[PDB]
Amino acid sequence: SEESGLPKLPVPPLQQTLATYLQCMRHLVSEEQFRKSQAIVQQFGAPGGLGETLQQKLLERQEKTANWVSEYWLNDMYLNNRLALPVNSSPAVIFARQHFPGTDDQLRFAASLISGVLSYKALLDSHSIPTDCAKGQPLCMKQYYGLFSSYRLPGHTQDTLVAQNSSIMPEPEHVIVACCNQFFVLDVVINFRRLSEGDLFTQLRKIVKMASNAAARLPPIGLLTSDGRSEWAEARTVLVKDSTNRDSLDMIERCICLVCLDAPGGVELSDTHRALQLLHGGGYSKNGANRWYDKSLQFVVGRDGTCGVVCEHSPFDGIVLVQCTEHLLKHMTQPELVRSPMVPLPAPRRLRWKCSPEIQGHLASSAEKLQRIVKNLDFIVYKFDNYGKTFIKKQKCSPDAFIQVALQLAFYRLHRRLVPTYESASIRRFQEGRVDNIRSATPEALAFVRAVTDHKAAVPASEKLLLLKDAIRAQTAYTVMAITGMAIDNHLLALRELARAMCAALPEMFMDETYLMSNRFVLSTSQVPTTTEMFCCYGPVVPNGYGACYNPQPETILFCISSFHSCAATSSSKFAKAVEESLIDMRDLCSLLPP
Ligand SMILES: C[N+](C)(C)CCO
């Protein structure tokens, strides 16, 4: 064995992708532009043309690599993005509201949570995590091994995702505890010896005590990691000039994860508000500096009861993240384990920093930059409570396809147009499989939303229902296509970069405005279903777009909607309202008679 038995990501046929591509964009661009894109595409895919040359190189690439899109995808989707990670990239998972009468209640939670993480990592490292099935065939489990051994280094133009070697798994293993913007190294596993939940508690207390010492308070360096990727790369480059900083950064780069003991939030603890703290900490004046974004998992345990985890996206996606998080939470449910006695307990070490005039300048900039993000985010947690999966399945529809169609109607009734839409589609069936795109703004959806919104047309409800079902069928069809690696985004990306390798001047096929527009997801979505009382959320991917993450339950559907206040067009409240009306309209449509 020693090598995956899983299938390699397939390379869809050239003509299939080009035809689907055109079919996807026809209704999203003018007729004049579409007419030009048809010719451009026709020339790119012609017999003996450039497209076939690139296709052959891709087939060669498919043969020489475990996954032909991994590199291109990782860079295109995240490592090349220059936007600051908060809101723009790193999603957050909000746990249920906790009640911490005292600080020791907060600490005991953190201790229990840290314990859960150690136990989970043990399962991971012992390869005891049950291989996931495609809801089915085996799924790639590589993402799991990137949960605690990943760090994302900033770059001037391209970031670097660092994966720690197994042989280089530190001894002992440690977590970084963030408190009052101060970072402390907390060793948790010496010689296979895992710190007891009781010792972790004791260590956390020492950390809270030290973090509260003004004479030792250091600059809030974590604030720098909340800035644009090129900005952070520059500031980090300054830091690295000194030996003390290199040592501190290294400890952070090699920790298992961060545990953020956030200060109380000066606002009510509604789901929406808790989600905001988890997304950007509320800015420097709050907990915005009590973070370190490059690290994959940042578990937040707020003094006031606001808990959850901030996730860096480059290493793994939402499904794996949820499996982990729900396992931890469930483990915190199971009675406290036995083994917990140990004696000589060294005090946690505070990470030192060698400041300077420069760094102070970078700190001020980052604080201002992060403030713009906090002020620009328009976020809302809307809970649709009229129905959920149960009602939907009774309509012979996949809940996901049904919701994806509702989102299209919501966007159309509000903005009067459909836009290139993104929906994550897992391709974990294939080696190193991450995701591909499900383009939900289909031609069927357009016909459906138009029939619904065009009062003048006076389309009979019975006809609206047929259009509804056809849109849901088209959504399900594209979904199946994407997850079986037969979609088009990854395919076009690879053809694009292989071309770039040949000549920096990309083919007209990719310089075409239709192509550029097709990848500006004004509506970016994903379904992150949970069984616990937690939810995932994230920001939009373009200035004029939304970020819609839904969690469908048997009788309700949770919708986390984001957009930017800077764009006068978008409005999370109005979109959430449009979603409600669409789900109601769809229910009424499905509740009609036959013939
Ligand atoms: C924001 N996206 C939908 C692109 C990714 C969520 O996993």
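Along each chain, residues carry numbers from 1 upward in sequence order, and these need not match the entry's numbering; residues missing coordinates do not appear. Heavy atoms throughout the structure, all of them, feed into the side-chain values; hydrogens and water do not.

- Per the deposited record, determination of this structure is attributed to X-ray crystallography, with the resolution reported as 2.27 Å.

**Looking at the site of the ligand**
- In the vicinity of the ligand, the contacting residues are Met 77, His 313, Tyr 422, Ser 424, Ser 524, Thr 525 and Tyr 538.
- The contact in question runs from an oxygen atom of the ligand to an N or O atom on the side chain of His 313, over 2.8 Å.
- Under the DSSP-based scheme used, a helix requires at least four consecutive residues in state H or I and a strand at least two consecutive residues in state E, with every element numbered from the N terminus. The set of elements that each furnish at least two residues to the shell around the ligand consists of β11 (421-426) and β13 (523-527).
- Three classes are used: nonpolar for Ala, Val, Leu, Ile, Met, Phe, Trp, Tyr, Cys and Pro, charged for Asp, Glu, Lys and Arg, and polar for all others, with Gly counted as polar. Split by residue class, the shell around the ligand holds 3 nonpolar, 4 polar and no charged. In these notes, residues near a molecule or strand are those with any non-hydrogen atom within 4 Å of it. Nitrogen and oxygen atoms within 3.5 Å of one another constitute a polar contact, given that in protein one can donate a hydrogen and the other can accept it, and given that sequence-neighbouring residues count only through two side-chain atoms.

**Remarks on the environment of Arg 61**
- Along the chain, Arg 61 turns up in helix α3 (residues 50-64).
- Here the alpha-carbon distance between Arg 61 and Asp 104, two residues 43 residues apart in the chain, equals 55 Å.
- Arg 61 has contacts with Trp 68, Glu 71, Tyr 72 and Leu 498, leaving out every residue within four places of it along the chain.
- There is a polar contact of 3.1 Å between the side chain of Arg 61 and the backbone oxygen of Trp 68.
- One polar contact links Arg 61 to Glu 71, side chain to side chain, over a distance of 3.4 Å. Every residue pair with non-hydrogen atoms within 4.5 Å of one another is taken to be in contact.

**Quick notes on the sheet that holds strand β12 (residues 435-437)**
- Here, strands pair whenever DSSP counts at least two bridges between them. Strand order in the open sheet made by the 6 strands is β10-β16-β15-β13-β11-β12, with mixed pairing throughout. Of all strands in the sheet, those bounded by a partner on one side alone are β10 (377-384) and β12. Strand-to-strand twist across the sheet, computed as the mean angle between neighbouring axes with direction ignored, equals 20°.
- Here β11 pairs with β12 via 3 bridges, running antiparallel. Bridge assignment links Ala 425 to a residue of β12, and that residue is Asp 436.
- To define axes, lines are fitted to C-alpha atoms, for helices over the stretch in contact only, and angles between the resulting N-to-C directions are given on a 0 to 180 degree scale. Across the face of the sheet, helix α13 (residues 399-415) comes into contact with β11, β13, β15 (546-552) and β16 (557-564) while running at roughly 145° to β15.

**Observations regarding the packing of helix α5 (residues 103-125) against helix α10 (residues 318-331)**
- Contact pair α5 / α10: the axes reach a minimum separation of 9 Å and the direction vectors enclose 125°. Classified by the interaxial angle, the pair formed by α5 and α10 is oblique. Every pair of crossing elements has a handedness; the one defined by α5 and α10 is right-handed. Note on element contacts: α10 touches α5 through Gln 323, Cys 324, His 327, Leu 328 and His 331, opposite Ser 115, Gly 116, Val 117, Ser 119, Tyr 120 and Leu 123.
- Taken together, the residues of the contact of α5 with α10 break down into 5 nonpolar, 6 polar and no charged. An angle below 35 degrees is treated as roughly parallel, one above 145 as roughly antiparallel, one from 65 to 115 as roughly perpendicular, and anything else as oblique. In this scheme the handedness of a crossing depends on how the near helix is turned from the far one: anticlockwise by less than a right angle means left-handed, clockwise means right-handed.

**Looking at the pattern of salt bridges**
- Only one rule defines a salt bridge in this text: a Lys or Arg side-chain nitrogen within 4 Å of an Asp or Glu carboxyl oxygen. On inspection of all chains with the given rule, the structure shows 30 salt bridges.
- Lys 121 is paired through a salt bridge with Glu 173; the nearest N and O atoms lie 2.6 Å apart.
- In this structure, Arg 587 and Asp 588 form a salt bridge, with 2.8 Å as the shortest nitrogen-oxygen distance.
- Residue classification places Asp 588 among the partly exposed residues on the basis of a relative accessible area of 37%.
- Salt bridges sharing partners connect three or more residues here, namely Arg 82, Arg 152, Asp 159, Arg 229, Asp 294 and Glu 312. Only protein chains enter the accessibility calculation, which uses a 1.4 Å probe. A residue is then buried if its area is under 20% of the maximum for its type, exposed if over 50%, and partly exposed in between.

**As for helix α15 (residues 461-483)**
- Taking 1.5 Å as the rise per residue, α15 with 23 residues should run 33 Å; its terminal C-alpha atoms sit 33 Å apart, in good agreement.
- All of the buried residues in α15 are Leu 465, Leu 467, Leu 468, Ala 471, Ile 472, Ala 474, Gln 475, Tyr 478, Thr 479, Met 481 and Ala 482.
- Lining the buried residues of α15 we find α1 (14-25), α13, β11, β12, α14 (443-453) and α19 (572-590). By this rule the span expected of a helix is its residue count minus one, scaled by 1.5 Å.

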